[PDB]
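Okay, here's what each chain looks like letter by letter:
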Amino acid sequence: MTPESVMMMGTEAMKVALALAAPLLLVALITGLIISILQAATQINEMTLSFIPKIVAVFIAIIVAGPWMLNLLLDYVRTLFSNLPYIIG
Amino acid sequence: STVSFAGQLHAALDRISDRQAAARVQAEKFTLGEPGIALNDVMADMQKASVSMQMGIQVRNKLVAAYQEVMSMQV
Amino acid sequence: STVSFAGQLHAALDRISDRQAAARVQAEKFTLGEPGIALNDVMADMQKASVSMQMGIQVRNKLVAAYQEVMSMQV
Amino acid sequence: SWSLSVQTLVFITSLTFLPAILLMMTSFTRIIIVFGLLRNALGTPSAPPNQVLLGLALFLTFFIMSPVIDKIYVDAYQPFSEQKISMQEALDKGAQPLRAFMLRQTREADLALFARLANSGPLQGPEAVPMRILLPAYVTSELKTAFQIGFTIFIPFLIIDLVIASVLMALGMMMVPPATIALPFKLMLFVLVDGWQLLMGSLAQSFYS
Amino acid sequence: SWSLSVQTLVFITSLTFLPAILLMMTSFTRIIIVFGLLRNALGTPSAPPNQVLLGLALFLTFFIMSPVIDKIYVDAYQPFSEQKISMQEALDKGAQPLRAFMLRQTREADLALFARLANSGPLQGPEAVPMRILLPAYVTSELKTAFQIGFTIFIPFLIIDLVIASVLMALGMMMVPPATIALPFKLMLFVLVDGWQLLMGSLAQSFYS
Amino acid sequence: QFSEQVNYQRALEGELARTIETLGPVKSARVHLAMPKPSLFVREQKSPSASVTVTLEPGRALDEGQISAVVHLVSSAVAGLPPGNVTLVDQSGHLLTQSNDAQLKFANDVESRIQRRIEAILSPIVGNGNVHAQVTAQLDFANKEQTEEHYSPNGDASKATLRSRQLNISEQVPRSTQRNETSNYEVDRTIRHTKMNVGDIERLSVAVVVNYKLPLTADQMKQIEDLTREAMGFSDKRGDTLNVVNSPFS
Amino acid sequence: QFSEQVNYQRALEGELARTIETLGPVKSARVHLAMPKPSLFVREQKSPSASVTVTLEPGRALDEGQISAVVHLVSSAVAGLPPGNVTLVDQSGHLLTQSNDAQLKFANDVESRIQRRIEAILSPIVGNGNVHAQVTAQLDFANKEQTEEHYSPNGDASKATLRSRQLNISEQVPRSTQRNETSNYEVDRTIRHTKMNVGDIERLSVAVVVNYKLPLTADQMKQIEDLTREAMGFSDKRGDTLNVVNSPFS
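What you see is numbering from 1 along each chain in written sequence order, possibly unlike the entry, with residues lacking coordinates removed. Following the order in which they are written, the chains are lettered starting with A and the ligands numbered starting with 1. Working note: chains shown belong to a larger assembly, and all values are for the shown part only. Excluding hydrogens and water, the side-chain values take into account all heavy atoms of the structure.

The deposited coordinates for this entry were obtained by cryo-EM, with a reported resolution of 3.7 Å.

For chain D, the PDB entry supplies the name Flagellar biosynthetic protein FliP and the organism Salmonella enterica subsp. enterica serovar Typhimurium. What the PDB entry is called, per its title line, is "Salmonella flagellar basal body refined in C1 map". Quoted verbatim from the Function (unreviewed entry) field of UniProt, the annotation for chain D is "Plays a role in the flagellum-specific transport system." Under Sequence similarities (unreviewed entry), UniProt gives the following word-for-word description of chain D: "Belongs to the FliP/MopC/SpaP family." UniProt positions are given in the numbering used here, feature names are shortened, and annotations may be inferred rather than shown by experiment.

By the naming in the PDB entry, chain B goes by Flagellar hook-basal body complex protein FliE and is assigned to Salmonella enterica subsp. enterica serovar Typhimurium. Note on chain B: under the UniProt heading Subcellular location (unreviewed entry), the record states "Bacterial flagellum basal body". On record in UniProt, under Sequence similarities (unreviewed entry), the comment for chain B is "Belongs to the FliE family."

Here's what the structure looks like:
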């Protein structure tokens, strides 16, 4: 092992994690920002008024993004375990 | 060919068993009054069968000890 | 020079084996009728071989007990 | 040669030294360490230690060693049947395939450590190394290999835990125990990938390449 | 045949190998792993591992094995009782029904992997796979099946956890610890659904289908 | 990420293409490599492969010399590719590789050497073009291996070498006499391990014709025959054969 | 963690190009390496290889001296690269590196050297161009190994060496006599271990023609014959063969 290879594996893992999470974080931030924009202009609020919009957004994202997300994670993990023998040296 | 540990133990146990069967047949024929078989032959073969069985006992005991030491390992 | 405890163990077992071989060949040579060899020497050599083999057995038992007692402790 | 005394005296003691030296000189160290680290991932035990992981490991290492044991059989057991061989040349005849296997698995610098600290003389080739220097070298290199495999095993479940926690944090979930939600997804990633076959097979492949 | 030596020698060794290999060779692996995972849900252990779930798993596996053990009995214990069978044909006569049972649960591909890492030649039929191939394949397939059942069990309690958390956030529970709130609701869900009955029944019906 | 190794291959093949482009009788040269696979459960890892297509300069064909040049270039370029695998294909078929007849070529070289030497000696005698010789030669291509173990005889006591000797003698005086002689020797021993050369000449057949000056005289002829016997390296123990004649040329 | 290795390798290739082009009769040199992946846990590794293609100054070729120059430079440049693997290519094929047939060339230049020496000796006598010689030299290419274990014979007790010696003597006086005697010796020993040379001469065959002035005198002939015999290193035990004849050229 060399630190170059462990950083390579780490960045690959970080990019699969980011791709895995991208729709969820994206829609959460988008709906939160929309309800925060509309928070003023009738500045009335209790704490957030955005929780339910965020939940329905992540529902929609998990349904529509969905299969490609799980397929990407599975392909990553299957390739990782397949080439596991060849990375020892 | 291949090893097949189970086959090796099977063959060893068959060897022990048929050695004892030969010793038992020798004793049968001697006590039944047949020509040939001598008392020295009977005693020597019976002692050989006893020694072979004792060796089997020791090998078994060591295998069992090794097995119960291997599978008391904490993973 | 270096000890290599395996080397000392091999030497001891070889000593026991060669002593027993000497005794067995002398029994061969006595019961076969060769002149010279006397019954007192045959019996004495057999007894010496038995004592050496018993010493080997006792040393084995102590070494095995030591090993299994060292290997029974937790790191 | 030896005479049904010390023969059958070296045999019984060899069987005594079996469970530790022989199961930790061949395989079953890398495999069991990978299995234990895998079990640390995915949460709880989820496989009885003394029974299923250990037994499966014993089977698996028998399966890796079957070629080396085949060569050891051909070069020791068959000739040791009464003829031209009795536990003197038989020793190194049965060692040589195993020594070749271990050398082929050892780190090329753990040998250096355990040789230089033994005051051993300069070595001509791989065949000149003794069993003495070979054992600890193989053990240390095998521990390194096991920990590398374990790190790679911990990668994807780390990914799942981080993504789950981040989603909960973005949704505002201040105080939810993300491990509880993430555990079924850990098993998820471990079964859709068909993780047991892949892991068993990848261990076997890594072990000889 | 054998002569009351190796008979009553292999009997006692068979007894010693019983608890580990036989139990992790027949059943009680799937059952116990599924019980462990159900214990992971519902909050804390809250059911003693070392006594009650083990006993219930033993009883479940006895009940499931009763057809297998009855076939083994009629095919060995009567015909091994003194006539035409003495612990050589007893072994294979008893193995065949158990072999068929284990084959009926093995994943179609675990057998493939373990055969391919034995360098075994081509196989003609299911009767051609030996116990050497058949143990670890069955074990790995059993672990996969156990984890699948684990998903199906975690699903509803995950739903309860998330719905309680969402209600608490929308209501404005800043950082109430929703786990303590959800634990009694998990128990409530598992008691009204009559979960112990229907869980052990589901495992049983799954296990031979 | 799978793309990067493939793009490495696509880079390497182009890089080799560009090397081959710069050698003269080439207009284009495109190369395909083959890393086999990580074979499963056997540590065998069969050798890689390389297939090269070249458009030669129009009307120019490549000798086997530059064929070996390009093949050894490619083999020495690829990581661990034995040159046997490197296959070359010209602009129109004509597999320059043969992936057994090197024997024929080598034999022709030996014969040509002998023939040219014979002509070099005999040309000053009878003229530039008054002599023709042809050589057909037998070669051994079998791999010999030999191990002789000469011992020296020590039946003679005066050249015997005794490590040990027990000697007993007894006699009574009707005489009872004893003589026992246990003797251990140390024996001279010689061990050659010869691995004979492949391609050795084992039989020459040389035919020579000379022109007329009118046939050359008998002594003038036997001196020619002796000279050609000399130039062959003619050895009788090898079975070499030599025929020389004189006749009008054409 | 991989493409960096490619960058490093191709940068090294550029560096070696920059070196090689500063070698005189070179304008450009495109180079390829072949580095096997260094495993630290498997033992049986593979050596690397290098393939250099050079574009020479037009009308300039490299002798074996400069071939050795480039091959050594490249070999020692790359970590652990034996000069065998360095395959060089002239800008038109023409492998300057031969890395089964070189023995023919080896014999050829051996004969060339001996023949040159014969001509150099016999030219001052009969003229610069009144003599021709050709050499046909049989060469040995078998790997000869040997091990001799000469002992000295200690049969004669005057010059033996005894380590131990027991001697029992008895005689009664009807005479009974006994004489037992045991001896352990020390033996002189010589152990040679010769690994004979590959490529020695096993025979020579040399034919020489000398031009006329009219034939040269018989004594003048025998002195020329003795001179060329000297120049062959003529050994009768080798069975060297030599012929010298005189007759006018063409």
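1. Some details on the overall build of chain D
We count a stretch as a helix when DSSP gives it H or I for four or more residues in a row; a strand needs E for two or more, and each element gets its number in order from the N terminus. Scanning chain D from terminus to terminus reveals 8 helices and 0 strands. Start at the N end of chain D and walk to the C end: the helices and strands fall as α-α-α-α-α-α-α-α. The principal-axis extents of the C-alpha atoms in chain D amount to approximately 80 × 40 × 25 Å. Counting every position in chain D, which comprises 209 residues, the buried fraction comes to 59%. Contacts are assigned to residue pairs with any non-hydrogen atoms lying within 4.5 Å of each other. Excluding contacts between residues fewer than 6 apart, the proportion of contacts in chain D whose partners are at least 24 apart in sequence is 76%. Computed with a 1.4 Å probe, the accessible areas rest on the Shrake-Rupley method; for each residue, only the protein chains presented here act as cover. Of the accessible surface of chain D, which amounts to about 8300 Å², a share of 70% is contributed by carbon and sulfur atoms. Here the positive residues are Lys and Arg and the negative ones are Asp and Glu; neither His nor the chain ends is included. Just so you know, the charge point we use is NZ for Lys, CZ for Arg, CG for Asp and CD for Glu. Charge centroids of chain D, computed over 12 positive and 11 negative side chains, lie 6 Å from each other. Whether a residue is buried, partly exposed or exposed follows from its accessible area with a 1.4 Å probe, protein chains only, as a fraction of its type maximum: under 20%, in between, or over 50%, in that order.

2. Remarks on the overall build of chain B
Per the secondary structure count, chain B includes 2 helices and 0 strands. As defined in this context, the radius of gyration uses C-alpha atoms, and a globule is described by 2.2 Å times the residue total to the power 0.38. Against the 2.2 N^0.38 benchmark of 11 Å for 75 residues, chain B shows a C-alpha radius of gyration of 18 Å, more extended than a compact globule. Overall, chain B is about 65 × 30 × 15 Å in size when its C-alpha atoms are taken along their principal axes. For chain B, with 75 residues in total, the buried portion stands at 24%. As displayed, chain B has an accessible area near 4800 Å², and 59% of this comes from carbon and sulfur atoms. In chain B, which carries 7 positive and 7 negative side-chain charges, the distance between the mean positions of the two groups comes to 5 Å.

3. A short note on the nonpolar core
Within the largest apolar cluster, 142 residues are counted, with the highest numbers of intra-cluster contacts made by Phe35(D), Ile153(D), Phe35(E) and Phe147(E). When residues in this core are grouped by element, the largest group, 17 residues, is from helix α6 (residues 131-171) of chain E. Buried residues of nine kinds, namely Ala, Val, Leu, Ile, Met, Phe, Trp, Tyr and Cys, make up a nonpolar core once their side-chain atoms join them within 4.5 Å. If you look at the next biggest cluster of nonpolar residues, it comprises 26 residues, including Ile114(F), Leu122(F), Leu204(F) and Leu216(F).

4. Re the UniProt feature "transmembrane region" (unreviewed entry) in chain D
All names here are of chain D. Per the UniProt record, the feature "transmembrane region" (unreviewed entry) sits at residues 8-38, 50-69, 149-175 and 187-208. The span residues 8-38 is 81% helix and 0% strand, and its two end C-alpha atoms sit 41 Å from each other. Across residues 149-175, the secondary structure splits into 81% helix and 0% strand, with the terminal C-alpha atoms separated by 34 Å.

5. Observations concerning the side chain of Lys186(D)
Residue and element names in this part refer to chain D. Topologically, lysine 186 is positioned in helix α7 (residues 178-192). By salt bridge we mean one thing: a side-chain nitrogen of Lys or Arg within 4 Å of a carboxyl oxygen of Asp or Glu. Of the buried charged residues, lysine 186 lacks a salt bridge, with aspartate 161 as the closest side chain of opposite charge at 4.7 Å. With near-sequence residues (within four places) excluded, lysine 186 lies in contact with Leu42, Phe157 and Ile160.

6. Details of a nonpolar patch on the surface
What makes a patch is a set of residues exposed beyond 30% relative accessible area and free of salt bridges, joined within 9 Å when like-charged and within 5 Å when nonpolar (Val, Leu, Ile, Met, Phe, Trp, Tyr). Side chains of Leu26(A), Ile30(A), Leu33(A), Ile34(A), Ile37(A) and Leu38(A) sit close together on the surface and give an oily, nonpolar patch of about 620 Å² of accessible area. Relative to the helices and strands, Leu33(A) resides in helix α1 (residues 3-37).

7. Topic: the packing of helix α3 (residues 49-77) of chain D against helix α8 (residues 195-206) of chain D
Residues and elements named next belong to chain D. Closest axis-to-axis distance for the α3/α8 pair is 10 Å, and the angle between their directions is 40°. With respect to each other, α3 and α8 are oriented oblique. In the packing of α3 onto α8, the handedness of the crossing is right-handed. Contacts between α3 and α8 involve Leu53, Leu56, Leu60 and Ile64 from the first element and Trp196, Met200 and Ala204 from the second. Across the contact of α3 with α8, the residue classes tally to 7 nonpolar, no polar and no charged. Geometry is summarised by axes, namely lines fitted to C-alpha atoms with helices restricted to the contacting stretch, and by angles between N-to-C directions that run from 0 to 180 degrees. Under this scheme an angle from 65 to 115 degrees is roughly perpendicular, one under 35 degrees roughly parallel, and one over 145 degrees roughly antiparallel; angles in between are oblique. With the far helix as reference, a near helix turned anticlockwise by less than a right angle produces a left-handed crossing, and one turned clockwise produces a right-handed crossing. Think of it as three bins: nonpolar holds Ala, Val, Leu, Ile, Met, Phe, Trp, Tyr, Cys and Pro, charged holds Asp, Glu, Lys and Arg, and polar takes everything else, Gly as well.

8. Quick notes on the sheet that holds strand β7 (residues 177-185) of chain F
Pairing between strands is defined by DSSP: at least two bridges between the two strands are required. Pairing is antiparallel in the open sheet, where 4 strands are placed in the order β7(F)-β6(F)-β9(G)-β8(G). For this open sheet the edge positions go to β7 of chain F together with β8 (162-172) of chain G, each flanked by a neighbour on one side alone. Strand after strand, the sheet turns through a mean of 0° between neighbouring axes, direction not considered. Direction of pairing for strand β6 (residues 162-172) of chain F relative to β7(F): antiparallel, over a ladder of 9 bridges. Across the sheet, the residue bridging to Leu167(F) is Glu181(F), located in β7(F).

9. Topic: the pattern of salt bridges
For side chains bearing opposite charge, pairing can occur when the charged atoms are close. All chains considered together, the criterion is met by 22 salt bridges over all chains. Across the salt bridge formed by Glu142(E) and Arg30(E), the nearest N and O atoms sit 2.7 Å from each other. Of this pair, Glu142(E) sits in helix α6 while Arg30(E) is found in helix α2 (residues 29-40), placing the two residues 112 residues apart along the sequence. Accessibility expressed as a relative area gives 1% for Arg30(E), which makes it buried. Residue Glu181(F) is joined to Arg179(F) by a salt bridge in which the shortest nitrogen-to-oxygen separation is 2.5 Å. By relative accessible area, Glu181(F) is classed as partly exposed at 43%.

10. Considerations on the side chain of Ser17(C)
Structurally, the position occupied by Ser17(C) is in helix α1 (residues 5-31). Accessibility expressed as a relative area gives 1% for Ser17(C), which makes it buried. Apart from the residues within four sequence positions on either side, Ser17(C) is in contact with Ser1(D), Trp2(D), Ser3(D) and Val6(D).

11. Quick notes on helix α2 (residues 51-64) of chain A
Residue count minus one, scaled by 1.5 Å, sets the expected span of a helix. Between the first and last C-alpha of α2(A) there are 20 Å, a value that for 14 residues agrees with the 20 Å anticipated at 1.5 Å per step. When we look at burial in α2(A), the residues that qualify are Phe51(A), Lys54(A), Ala57(A), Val58(A) and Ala61(A). The arc that holds the buried residues of α2(A), viewed along the axis, is 125°, so those residues lie on one side. For α2(A), the exposed residues lying more than 90 degrees away from the buried face are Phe59(A), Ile63(A) and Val64(A). Elements that come into contact with the buried residues of α2(A) comprise α1 of chain A, α6 (131-170) of chain D together with α6 of chain E. One or two positions beyond α2(A), positive phi appears at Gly66(A), with a value near 50°. In this description, one arc is meant: the one made by directions from the helix axis to the C-beta atoms.

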